[PDB]
Each structure stands twice: as structure tokens, then as C-alpha cells.
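A single chain comes next, written as C-alpha cells; it is the form deposited in one PDB entry.
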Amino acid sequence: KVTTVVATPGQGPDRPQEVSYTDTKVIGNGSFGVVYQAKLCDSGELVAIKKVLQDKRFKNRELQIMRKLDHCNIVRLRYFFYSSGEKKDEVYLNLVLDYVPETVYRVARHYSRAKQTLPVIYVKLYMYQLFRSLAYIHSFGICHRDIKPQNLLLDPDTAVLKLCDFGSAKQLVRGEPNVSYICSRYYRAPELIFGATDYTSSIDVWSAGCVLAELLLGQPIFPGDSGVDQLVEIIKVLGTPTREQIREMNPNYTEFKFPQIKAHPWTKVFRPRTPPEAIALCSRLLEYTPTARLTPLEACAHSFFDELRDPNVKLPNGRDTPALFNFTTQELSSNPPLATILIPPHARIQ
């Protein structure tokens, strides 16, 4: 059995191609709709097809965003096409994406179940690549707004990480308000919990920090079934936020005061032999004041990632580390001077 569609390439000019695929499995299910796996007939390559209801009213924002993006650490939209079948008279948008086998979520949980933590080298590789993907999208003023381990795809052999699921992503424009019900629990920045609608891209940075801490800890750092419970956990670590910090997150001073707890020394939060650089980075990501958090690009240049810039660094399995230094001017525009740290001497050899 073989499906053949006429699809538009995600990048490049509108030059429709006849695409045929087979072995259609299922995955995903949820909010958006369905995700299938498939095998492209000629090349034999695996792809994921995300199928969602097309609005008719507006054009699909995820698609609009996907087509603008091209980066080694973001899933490639290979094709998109429309279809339906069945008793519906409703259009479905189908996004054909590179299939990447693992996710940070699944990996983390394997190590967690086995009472292990992921080797710090993998923590470095995954986090660096995430920050690059954020640096890139943020440069277009696009915030992901749902950074979490399930959205971080991994090829285990190459150590390559790819940000996915742009269903929540949106261009944040100074002055325009945005819904505060967007991020997934545990990874929500305080300003989101306080219902702020004037938030910036630094919510993604907070979320990234939550992922780092979690890979280090072996479990979510700020858990809770309610916002109340999450804030308690946040306060247990960061300490009680000052009236200044409180005004910084949500201007609209919700209505209350929290228990007055002092800052738990970040060193006492983590397993005893945790690298100090890792801990330092966390504290500079997980800050109350949104403007006080490192930028993605600033994070990449943090000393916690120095090992990745070492010329002799290899994967434990012997392979080379994947591309880490092929920055574009687009990607560096945040702060071009950082190139002198980000691009190590050996990467400039001729």
C-alpha cells in the first residue's frame, strides 16, 4: 500500500512535487490532531506527518512560522499538503517533517527509572543545541512558548538535538498583549503563573533552565499540580521575590503575599559532584526578573559549554560532536561580539 500526494516543499519556491510514502503508523494524538510515521518510497527515509484541522478563516500560524525557519537544531518541514477523506467537508493541513527517533523526555526517563543521571557531556550537547535553536527563532522575534523535554528530539548516535512542535509559537511584538495560558506545567515562567500578558521571549529561557536543572536533578525542579504549588517550589529555591521582582514579572500585582523563605543555596539543590558551572548557569537562567535572565546566545557562550569548544572533544562512542560553531549573522545578531567566544580558534583554522 502506497499514498501519493502533490506537496509543496517547506523551504524554497512553490514547485509542487509528487511525494509517495508507505508503512503509515500512528503516534501523537492530542490537541492539534494526529501524528503518523511513514517511509518515503524512493529514498526509504522516515518522516512524521502532523495532520491538523485547517481553519478556513485564517492561514495556519505554525505553517507560516515553519516555512521561515532553517536551522541545524530545528526539525525541517520537508513538505506540506492539504487533504481529508471521510464524512467531513473539512480541510486538514499535513506537515511532513523529518522523523527523529528519540526525545529528551524518553531518554531522561530511561536514566531516571534506572536511578542514573545522563552523563554531563550529553547534558552539555543537548542544552547548547537548544539555546542555539532559541537564539535563532528569537532573532525573528518568535517565542516557542512551550519548551519542554517532549519537544526536544534527539538522534542518539549523532547527539543532534532538534526543537519541534511550533503549535504554540508566536511573534511577540512590544506593546501587543499575549495569552498567559501557553506553557506546559513545571516549565512555566513565574510571570506566566502570575497571568502576565506582557511577557517576552525570556519565558523560553526560564523553560530551558527548567530542562537543564531536570537533567541534572533526575526529576522536574519546580513540580506541582497547581500554580500555587509550583510557586512554593520556586520560592523554596530562589527565595521569596522582592516587591521589585514581583512588579518586574506581573505588573498587575495579582492580590497576595507568599511565605517569606530565604534562598536555598543552589549548591545544596544538586547532587554533591554536580559541576559548579552547571549550577551557575541554572541560577542565571532561573531568575524572577525576566530581563535579568541570560539571552539564549549568552547561554551558549557560558563557561558550562567550554568543553564543547575544546578541539579534542569527541562523543563517548568515538564519533565527532555535531556542528556547534556554524553560526550565521542572523543567529548572532542578538550580540555579534559574542562570536569571539562562540567560535573557538580551531573553528577559524584555514
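Rigid core (definition): largest C-alpha set, two forms, superposition within 1.5 Å. Only residues modelled in both forms are compared. Start at 1 with the first residue shown and count on from there.
As for the form solved in complex with a partner chain, it is not shown, yet the points below apply to it.
Using a 4.5 Å cutoff between non-hydrogen atoms, residue 231 counts as a contact of the partner chain in the entry with it bound. Contact check for residue 257: a non-hydrogen atom falls within 4.5 Å of the partner chain in the entry with it bound. Among heavy atoms of residue 252, some come within 4.5 Å of the partner chain in the entry with it bound. In the entry with it bound, at least one heavy atom of residue 235 sits within 4.5 Å of the partner chain. The candidate stretches are 205-213, 188-196, 131-139, 76-84, and the one lying within 4.5 Å of the partner chain in the entry with it bound by heavy atoms is 188-196. Just a single entry of 273, 115, 257, 243 exceeds or equals a 2 Å CA shift between the shown form and the other one, which is 257 (rigid core superposed). Regions that shift between the shown form and the other one, defined as runs of three or more consecutive residues whose CA atoms all move by 2 angstroms or more after core superposition, comprise 55-57, 87-89, 254-259.
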